[PDB]
Amino acid sequence: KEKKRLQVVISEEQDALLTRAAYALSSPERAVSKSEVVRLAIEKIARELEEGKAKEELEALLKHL
Amino acid sequence: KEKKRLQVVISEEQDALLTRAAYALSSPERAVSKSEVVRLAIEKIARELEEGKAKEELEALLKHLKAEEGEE
Ligand SMILES: [La+3]
Ligand SMILES: [La+3]
Ligand SMILES: [La+3]
């Protein structure tokens with residue numbers, strides 16, 4: 001009702017992108033875990049779909065599978 | 001060519017956002033699951049951090065998200 005266990009299979013390249021994003025977002029004063037990067041990505045995509053941005057890039061990367 | 005089982009706890013609001021995004025990106029000709037939306041979000045935000053434009057905004061949303069982890 002308040003929390004949902006998300007199970008997603010990812011590639012090792014997406015794992016590497018997760019690590020690079022986690023380090024890029026981090027700083028000496030704030031630590032960023034991979035799960036926080038996932039939640040932040042979900043929130044950012046939700047906002048962009050609220051604004052309708054980068055749809056050419058969203059479908060470009062989705063068709064890039 | 002490895003893979004990785006990923007376990008992440010999310011709020012019900014983000015799960016609903018995941019559903020809405022899954023349907024919005026889907027079509028009768030192509031199905032987009034919630035997990036595929038998660039992968040697309042990962043690659044999208046990683047690319048955004050490589051571009052170096054929206055780092056301030058991502059840090060703000062990140063701060064507010066870390067403010068929500070502590071006991072709702
Ligand atoms: La809630
Ligand atoms: La490999
Ligand atoms: La691979």
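Note: hydrogens, waters and symmetry copies are ignored here, and every other heavy atom, side chains too, is used. Per chain, numbering begins at 1; letters A, B, ... match sequence-line order.
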Exercise. At a heavy-atom separation under 4.5 Å, does B/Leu61 approach chain A through its side chain, its backbone, both, or neither?
Worked result: both
For this session: Would you give the length of the straight line joining atom OG of A/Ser35 to atom CD of B/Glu69, rounded to the nearest 0.5 angstrom?
Result: 9.0 Å
Seminar exercise, completed: Tested for side chain to side chain contact (heavy atoms under 4.5 Å, CB included) against B/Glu43, the lone hit among A/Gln14, A/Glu13, A/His64 is A/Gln14
Exercise. What's the shortest heavy-atom distance between B/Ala41 and A/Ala41, and which atoms?
Worked result: O-CB, 3.5 Å
For this session: Assess whether side-chain contact (heavy atoms from CB on, under 4.5 Å) is satisfied between A/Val9 and B/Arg39, documenting all intermediate values.
Result: CA-CA 9 Å; A/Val9 182; B/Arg39 304 185 193 95; 4.2 Å; yes
Exercise. In chain order, what residues pass the side-chain hydrogen bond (donor to acceptor under 3.5 Å, both in side chains) check against A/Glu50, with sequence neighbours excluded?
Worked result: none
For this session: Look up atom CD in A/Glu36 and atom CG in B/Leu65, then write down how far apart they are to the nearest 0.5 Å.
Result: 8.5 Å
Exercise. At what distance, to the nearest 0.5 angstrom, does CZ of A/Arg47 lie from CD of B/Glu57?
Worked result: 5.5 Å
Exercise. From A/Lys3 NZ over to B/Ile10 CD1, what is the distance, rounded to the nearest 0.5 angstrom?
Worked result: 12.5 Å
Seminar exercise, completed: One option among A/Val38, A/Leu25, A/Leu17, A/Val37 has the most heavy-atom pairs under 4.5 Å with chain B, and it is A/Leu25
Exercise. Quick one: what part of A/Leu49 sits under 4.5 Å from any heavy atom of chain B, side chain, backbone, both or neither?
Worked result: side chain
Problem set entry | Under 4.5 Å from a heavy atom of chain B, the part of A/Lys1 involved | backbone
Problem set entry | Charged N-O contact under 4.0 Å between A/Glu59 and B/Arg30 | yes
Exercise. Can you name the closest pair of heavy atoms from A/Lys44 and B/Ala54 and give their distance?
Worked result: NZ-CB, 4.4 Å
Exercise. CD1/B/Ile42 to CD1/A/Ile42 distance, rounded to the nearest 0.5 angstrom?
Worked result: 8.5 Å
For this session: Look only at the side chain of B/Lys55 and the backbone of A/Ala24, and say whether a donor-acceptor pair between them is shorter than 3.5 Å.
Result: yes
For this session: For B/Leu40 and A/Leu58, work out which heavy atoms get closest and say how close.
Result: CD1-O, 3.5 Å
Exercise. Measuring heavy-atom distances to chain B, does A/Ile45 have an atom under 4.5 Å in its side chain, in its backbone, in both, or in neither?
Worked result: side chain
Problem set entry | Which portion of A/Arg20 sits near chain B, non-hydrogen atoms under 4.5 angstrom | neither
For this session: Measure from the side-chain N and O atoms of B/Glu2 to the backbone N and O of A/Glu12, and report whether any donor-acceptor pair falls under 3.5 Å.
Result: no
